[PDB]
């Protein structure tokens, strides 16, 4: 083998999805493919958007989180709303005694993260966060090779590059609603991947640089973080919202005896060219392309959500815990401080 045994048709878990936008849709599609899941509610401030998602999966639609929480069959809530709404919404879901999966970034301050985590534990519920790429099949494989100590020797370098042409919806570009720019949006993943590839060691210091390119908004479009891990390995996170030509996500680990690299979007092994356009391909879809296949599964969403559901229904302890989210949140806060005053920031947390 080995093929993981298939879910498991038979338990029933009532689910609410809060935020029926892009990511709420992905989760709705991933969760409804799981035989154990009953999607009961879509919650959204925009009723048209909420309604469109709900009818697609035969859920009920509401604009009030409290209506869904009044449904006793709901035991699990997915929160995919703008970043600054995560903490109030997750705090209320937890207080109502429900399990909750919160999209990246968990919250926007170290305090909120520690306190949300303490509140979930007290309430005896699962708090899970949406760092999907550490569940991506390709990266899991690469993580396994990066852990071969005989093969790599002493690891000294890790690098994660994550580049897009930027967000589609407006809330991403305001601090008030988003917390920060590319460093928050993409840097979340890059920092989680870096830690993880190294075996989650303590971070000793951080250095960072950011720029805002776009006139719209008040957040950065690009950032580079230099992370100093406790063993002395240097991490780099290179993120950007101003990169054309298609999403890029790569991971590189370098030791004294070996190295491991992995490429998500440019490593799918399919190539195409056309003089006109490919209908079934994400724009840009003319000229030379490297088309994706199974983008949802290959980004890790399917494995993440299966393991979250396994944690709620079967008490199967998760690989990635609120401790990991807390570590990411303080790294990002340290990075923003470093960028602001042009100095290395010592960690301690």
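Residue numbers count along the first chain shown, from 1.
- The mean C-alpha temperature factor is higher for 229-237 when 229-237 and 248-256 are set side by side.
- Higher mean CA temperature factor between 138-146 and 273-281: 273-281, per the PDB entry.
- Of all the options 164, 210, 214, 157, the entry's greatest CA B-factor is assigned to 214.
- Highest C-alpha temperature factor among 55, 304, 32, 299 per the entry: 55.
- Among the modelled residues of its chain, residue 107 has a C-alpha B-factor that falls in the middle third, as given in the PDB entry.
- Looking at the C-alpha B-factors along this chain, the one for residue 17 belongs to the middle third.
- Sorting the modelled residues of the chain by their CA temperature factor places residue 221 in the middle third.
- Among the modelled residues of its chain, residue 329 has a C-alpha B-factor that falls in the middle third, as given in the PDB entry.
- Annotation for residue 48: CA B-factor lies in the highest third of the chain's modelled residues.
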